[PDB]
Amino acid sequence: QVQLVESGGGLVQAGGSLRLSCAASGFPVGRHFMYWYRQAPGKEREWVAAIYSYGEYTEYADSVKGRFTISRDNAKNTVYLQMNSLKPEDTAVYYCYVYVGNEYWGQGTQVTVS
Amino acid sequence: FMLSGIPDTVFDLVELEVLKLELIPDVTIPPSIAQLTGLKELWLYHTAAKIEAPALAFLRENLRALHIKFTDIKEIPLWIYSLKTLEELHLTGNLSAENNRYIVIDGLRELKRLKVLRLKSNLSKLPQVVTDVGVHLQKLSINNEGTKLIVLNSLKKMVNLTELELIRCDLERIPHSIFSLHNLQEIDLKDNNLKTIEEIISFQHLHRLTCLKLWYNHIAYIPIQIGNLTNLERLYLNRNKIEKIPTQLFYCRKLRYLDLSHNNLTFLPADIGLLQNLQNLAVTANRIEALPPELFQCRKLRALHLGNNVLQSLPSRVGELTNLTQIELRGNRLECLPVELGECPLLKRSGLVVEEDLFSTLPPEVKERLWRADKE
Amino acid sequence: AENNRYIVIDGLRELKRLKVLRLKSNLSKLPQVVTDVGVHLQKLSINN
């Protein structure tokens, strides 16, 4: 019943902002660590950001650290990823990832930068 | 050990550097301790020794290691606080007290030269003088004998620390302050009842972190995020509740020490051979059935621990490994020994561990060569 | 014991690194202290 679904992908210009929403149903987002990875063509999947379960501690990829912002809302059980100062070097498909007993990868959303 | 006092003949040497006095009552430190100048280690177990001014002056410059195991607060001599060139300290004994907490260690501030500090004193909380002395430390060891240790933003202020060991502190969960120590290189958290170690995703803030020790805990699964720690060479996670190994963990091709003994493992992933620097393998007391072929890619696999495993047959690729220096096979259900194991130049009889009644199954030429290599 | 059974061994909760336990006492009920401390025990033996 643990289901991760991604929304908010598409095409966006360089230097803009985009909202990636990861929705979960089977497990609460309040007590579970959440992860956002990315994959670019010709490259193995790359981790982007991670958010904890206590203290609201958030980590991000050093190449994009400070460019993106990860947050969670427990009322809707969702993760909001706001991407700012976009550049063509981060054109990739972004996935929502978690481990609850077993691995769970989301549907993903491909974001292209123009 | 347990003498009436300090003998006067022990000052007869200049090759001494470690002195261990245990349970020897009322020993007065004479000036004759100057007869040994290169001494740098001293153990004072269950004995508060009385000192003299020449002895104190000698110790203020020519001592490096002092070990103080004390059954009582008064058993800690005060004068040890006056030393200035000390670099190794060890305080063993339950100095935790109510409303006089960490007051016996008030003279620790003057040990500016100190680099190594070990604490086994049943410290429920992190002492403030420890934070004071952590401005220049190089190794801090804390052992609470299973007592729950609480930091709450009191450990991140030791910027200069290079090694951290919090053994049996009963944290049950990694505090974030450790991730602030950018100079920290090797971390040990042995036997702290860790169950979720996803906090390793913050370990990217440590750019020289090459070793991690989270063994003797209740870790159920290994997060794949550990693959972000490419620097690691020695990783210790054995004695845990791990049944499956994530593939992403094998992104760290620098990994050399991988010990996962006493776990619920049943399969070895094909990515285990992607690590060329793999030198030590230890999966003892597990349910491994067969060695994956890629596990023989690491030609420099200088250690192999396969004991108490349910392997049915030994692969013939083992002879392809010529850097094999030691491998233990006792406790396995093997029909017979493949002769390929006998072609390893670095192998010896003592390096190999296997039952003699099955060790004889090898041809007499191989056995004679192994015995000759063991002899000289 | 009566009205204090399984109370004299309540210190078993302090032995955090305790793994094995064997009891030969003709008992009829599981001690509460052992019930709580068994969360980390690897082997429990009883010979009533």
# chains A, B, ... in the order shown; residues from 1 in each chain; ligands from 1
>>> interface_residues(of="chain B", to="chain A", cutoff="9 Å", atoms="only C-alpha atoms", output="number ranges by chain")
B: 176, 198-199, 201-202, 204, 221, 223, 225, 228
>>> residues_around(residues="residue 30 of chain C", least_positions_apart="4", cutoff="10 Å", atoms="only C-alpha atoms", output="mmCIF file with C-alpha atoms, in the first residue's frame")
data_model
loop_
_atom_site.group_PDB
_atom_site.id
_atom_site.type_symbol
_atom_site.label_atom_id
_atom_site.label_comp_id
_atom_site.auth_asym_id
_atom_site.auth_seq_id
_atom_site.Cartn_x
_atom_site.Cartn_y
_atom_site.Cartn_z
ATOM 1 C CA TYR C 6 10.237 -12.657 40.525
ATOM 2 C CA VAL C 34 12.759 -11.420 32.391
ATOM 3 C CA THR C 35 9.801 -10.539 30.160
ATOM 4 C CA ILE C 46 13.643 -22.828 31.512
#
>>> residues_around(residues="segment 69-79 of chain A", least_positions_apart="5", cutoff="7 Å", atoms="only C-alpha atoms", output="number ranges by chain")
A: 21-24, 28-30
>>> select_by_dssp(residues="chain C", states="alpha helix (DSSP H)", output="short mmCIF file (atom, residue, chain, number, x, y, z; two decimals) with N, CA, C and O atoms, in the first residue's frame")
data_model
loop_
_atom_site.label_atom_id
_atom_site.label_comp_id
_atom_site.auth_asym_id
_atom_site.auth_seq_id
_atom_site.Cartn_x
_atom_site.Cartn_y
_atom_site.Cartn_z
N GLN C 32 8.28 -10.93 35.27
CA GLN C 32 8.10 -9.68 34.54
C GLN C 32 9.45 -9.06 34.16
O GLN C 32 9.60 -8.51 33.07
N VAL C 33 10.43 -9.15 35.06
CA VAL C 33 11.76 -8.62 34.77
C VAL C 33 12.36 -9.34 33.57
O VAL C 33 12.93 -8.70 32.67
N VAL C 34 12.26 -10.67 33.53
CA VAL C 34 12.76 -11.42 32.39
C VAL C 34 11.95 -11.09 31.14
O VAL C 34 12.50 -10.99 30.04
N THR C 35 10.64 -10.90 31.30
CA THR C 35 9.80 -10.54 30.16
C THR C 35 10.26 -9.23 29.53
O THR C 35 10.30 -9.10 28.30
N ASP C 36 10.62 -8.25 30.36
CA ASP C 36 11.09 -6.97 29.83
C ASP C 36 12.51 -7.08 29.27
O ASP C 36 12.81 -6.49 28.23
N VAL C 37 13.38 -7.83 29.95
CA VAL C 37 14.79 -7.89 29.56
C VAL C 37 15.04 -8.82 28.38
O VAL C 37 16.13 -8.78 27.80
#
>>> atom_distance(atom1="atom CA of residue 85 of chain B", atom2="atom CA of residue 5 of chain B")
27.0 Å
>>> interface_residues(of="chain B", to="chain C", cutoff="12 Å", atoms="only C-alpha atoms", output="number ranges by chain")
B: 144-148, 168-170, 191-193, 216-218
>>> closest_residue(among="A:110, A:65, A:11, A:20", to="residue 92 of chain A", atoms="only C-alpha atoms")
A:110
>>> closest_atom_pairs(of="segment 58-176 of chain B", to="segment 15-18 of chain B", cutoff="12 Å", atoms="only C-alpha atoms", output="Markdown table")
| residue | atom | partner | partner_atom | distance |
| --- | --- | --- | --- | --- |
| B:62 | CA | B:17 | CA | 10.4 |
| B:63 | CA | B:17 | CA | 9.1 |
| B:64 | CA | B:17 | CA | 9.6 |
| B:65 | CA | B:18 | CA | 8.3 |
| B:66 | CA | B:18 | CA | 9.4 |
| B:67 | CA | B:18 | CA | 10.3 |
>>> write_last_selection(atoms="N, CA, C and O atoms", output="PDB file, in the first residue's frame")
ATOM      1  N   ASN B  62      58.341  15.583  30.775  1.00  0.00           N
ATOM      2  CA  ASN B  62      58.779  14.312  30.213  1.00  0.00           C
ATOM      3  C   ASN B  62      57.772  13.195  30.462  1.00  0.00           C
ATOM      4  O   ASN B  62      58.152  12.096  30.881  1.00  0.00           O
ATOM      5  N   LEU B  63      56.491  13.463  30.221  1.00  0.00           N
ATOM      6  CA  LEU B  63      55.464  12.438  30.342  1.00  0.00           C
ATOM      7  C   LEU B  63      54.415  12.664  29.263  1.00  0.00           C
ATOM      8  O   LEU B  63      54.080  13.808  28.948  1.00  0.00           O
ATOM      9  N   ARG B  64      53.904  11.574  28.706  1.00  0.00           N
ATOM     10  CA  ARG B  64      52.925  11.673  27.627  1.00  0.00           C
ATOM     11  C   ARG B  64      51.642  10.908  27.905  1.00  0.00           C
ATOM     12  O   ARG B  64      50.569  11.361  27.499  1.00  0.00           O
ATOM     13  N   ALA B  65      51.718   9.764  28.579  1.00  0.00           N
ATOM     14  CA  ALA B  65      50.554   8.921  28.820  1.00  0.00           C
ATOM     15  C   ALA B  65      50.406   8.672  30.312  1.00  0.00           C
ATOM     16  O   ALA B  65      51.327   8.155  30.954  1.00  0.00           O
ATOM     17  N   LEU B  66      49.249   9.037  30.858  1.00  0.00           N
ATOM     18  CA  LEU B  66      48.916   8.766  32.248  1.00  0.00           C
ATOM     19  C   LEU B  66      47.581   8.040  32.298  1.00  0.00           C
ATOM     20  O   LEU B  66      46.584   8.534  31.763  1.00  0.00           O
ATOM     21  N   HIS B  67      47.564   6.878  32.942  1.00  0.00           N
ATOM     22  CA  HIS B  67      46.364   6.062  33.076  1.00  0.00           C
ATOM     23  C   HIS B  67      45.926   6.081  34.532  1.00  0.00           C
ATOM     24  O   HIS B  67      46.709   5.733  35.424  1.00  0.00           O
TER      25      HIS B  67
END
>>> select_by_dssp(residues="segment 6-53 of chain A", states="strand (DSSP E)", output="list in words")
residues 6, 7, 10, 11, 12, 18, 19, 20, 21, 22, 23, 24, 34, 35, 36, 37, 38, 39, 46, 47, 48, 49, 50 and 51 of chain A
